[PDB]
């Protein structure tokens, strides 16, 4: 898909709340 | 009323014009 | 950088920075780089007429004909231009939508041709910009209207 | 392989396979193969306006100018183009017809020019696709409307 | 260069000028650019009766 | 897809686009269905009814249980029927005659089809028409195609009986040359 | 000018034109403001509200004192934020955390930004939500970016203890070569 | 058939294309009729009658016996009339004069032609006008064109008398050069 990669990556790097 | 009268008129008119084919 | 559907990701890659120092979390995710190449003005030949646009502008909606990848049934490598034997003037609206992302209606179009070209290129006649919507339905309904035993039932048929 | 008028004949040649098993025939007729050649974009030069179309599209109606071969008088062999000293707009109508096989009528055309170009292409105004037909008749009737002794009858002259 | 207070009037056109072909290529509609060009010709602008005024305005 | 099918067919890329053109011309890539066969196959049959026959080979074409499957599903079968092998062309026409879709054809099973053919013929047969011939036109099948003499033909029992009449293999392959 | 913007930023000509295209595609290059970021910055972050954070990096973004700065000042900082050097990203984040626009920040001020982060994280936290750790995640932040224990951060004091956070070190410039 | 027309006419492909253009332009390539000549010859010869002799060379151009044939037989006769052979040109001019369709000309028969051309001449002649000169302008015909002095000239008898007059032999070839 090569688009869900980038968009999901931002929300992944978001998930870093503790 | 006028709208519907023209409607039926053009209706049977198109019917006959189609029957021409 | 990126365009088409990723026309505003750079602002996101700028704004992500503001959480990096405060990222007291152990490890975020590294980026998703890959092979790279720039866009190109793909050139369409519709019945002798020529249009051009970036490929990402095409890829914006792959649920269409050109938006998808199967435009190659009409790609003439002999020309390197996807040639189509349909009208370009109605295709002009399609291109313009591909650019903007909204479609409109040339008022003077025999609605049959407009609709069947829409279908031809895989477009949805419902997502027309409502700024020009009801007149489409009016053309629809007017065109719809425009296109509109031995003895027992013998007397019957004779009556009506 | 072939297209245009014989664009779906391959489907019939596929369907004909179902006969052979039960076909108790000793020997049917050998196939009717003949000279074949792939189609190309014949270019129509209408007042510099450049159009391109497959011969297959061009030959769906050989009872007209384009389908018949008396189109070469406008064919500028110097350019491989059929140059036409006519309207670059009403031509589009005939062309999108040949694509479809049905005729449309734009709302805002001088019906005089319309019918004269139709006759010029040999096409019959009677065969207009009912997609938009009756309004053509309205333009017809309106245009028709708008385009409309010494002493023993000099008395008559003075009367009226 | 009759009015430098526009996209083409000012020098912001090379952002779409293609030195790769020595042309200003623009991803716009060909049936509205003509009206703007006609303005640049005269200095006034007409408006065709059949345009989805949204497209015109934008 | 263009190349995902090119890697499956017996035609070239231009021979594929030349049919994609005519297909998308009449059908806006929805999918060709019975509604298309019962007209285009019928419009080719004046003095004859094509629907009674098209009804069978539509679902014979459709490997899926759908009523409008795919253009890919159309061309993959066109490749077999035109430029395929006799062994698979006969498998396809058996699946056609196997109206029950099981692999076992009965006398009346393909009588239902020879009637469709005789109906597609025309209003009146040009020689004398006897409705026992579409009955016995199936017998001439089984007496050669029913090796078990039982009255029901299966796959191999029809194949091993459909490869000796040289004229039919001469006839199955007349159309793999047209282009 | 086009060249006048090239020699200022680190990006190239193709990148700059292909980005000004998308820039104008949503706003007619009038000038970008709050309301357009609150939808661009949100359109990539579902399950959350990204307006409250964009509300800070927009004023830190605006080199002028207006409510909407420019496209030229847009790229002059887009460069620093994507391919710019680490220590300049730190100074600009310093301009961002300092809501009072002075260079002096107290607990609740930057806690209001860590809220925005952890607010747009989502409506329901996927692990258990604890609202006092926004008191402590800034508290545990203090002990790093402060060597005086007074309650204020200045640029040097606020940076002299993130320069060695290797995770944020390799993570702060992830997009300096990816185009 | 343009190529089959070249095998009959003496104009070339460009001379044929550019003239068929003008042909098809003024009339929608239906057929040329009497009425059309009755006006296009009226514009090229005003201030006088344009029908009486027009309906003579129309039926002369009319090879068959209908009222309107086609474009091809029109240019194949243009070839004979402009760049055609003299022995065929005089035969064609006699078939023009041959009103009664039989092959024999009476004095009053060509009087019908001269009373048409002098009518076309206009209202008042530059010299004096007399209805008796059309009576001698045909008789000065026979004295040279009627070798038998009977009052009837035949194709052979019109030809044997129309090869030695040099000035008409120059007049009949006036337009095989102009293009």
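All chain F residue numbers match Swiss-Prot; in order, they span 49-227.
Method on record in the header is electron microscopy, 3.8 Å.
Backbone N, Cα and C define each Cβ position, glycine as well.
Feature annotation (Swiss-Prot): of F:200-213, F:214-227, the stretch labelled region 'Interaction with KCND2' is F:214-227. Long-range contacts of the domain 'EF-hand 3' (F:133-168) within the same chain: residues 93, 96-98, 100-101, 103-105, 108, 125, 181-183, 185-187, 189-190, 199-203, 206-207, 210-211, 217, 220-221, each at least 6 residues beyond the stretch ends and with a Cβ under 8 Å from a Cβ of the stretch. Sequence-distant contacts of residue F:194 (Ca(2+) 2 binding site), defined by Cβ-Cβ distance under 8 angstroms and a gap of at least six in the same chain, are F:200, F:201, F:205, F:209. Summarised by DSSP class, the composition of the region 'Interaction with KCND2' (F:214-227) is 7 helix, 0 strand, 7 coil.
Counting only same-chain residues six or more apart in sequence, the Cβ atoms lying under 8 angstroms from the Cβ of residue F:196 (Ca(2+) 2 binding site) belong to F:205. The binding-site residues in question are F:150, F:157, and the one with the fewest Cβ neighbours inside 10 Å is F:150. Helix, strand and coil counts from DSSP across the domain 'EF-hand 3' (F:133-168) read 26 helix, 3 strand, 7 coil. Take the binding-site residues F:146, F:198, F:205: by the count of other Cβ atoms within 10 Å of each Cβ, the lowest one is F:198. The DSSP breakdown of the domain 'EF-hand 2' (F:97-132), given as helix, strand and coil counts, is 23 helix, 0 strand, 13 coil.
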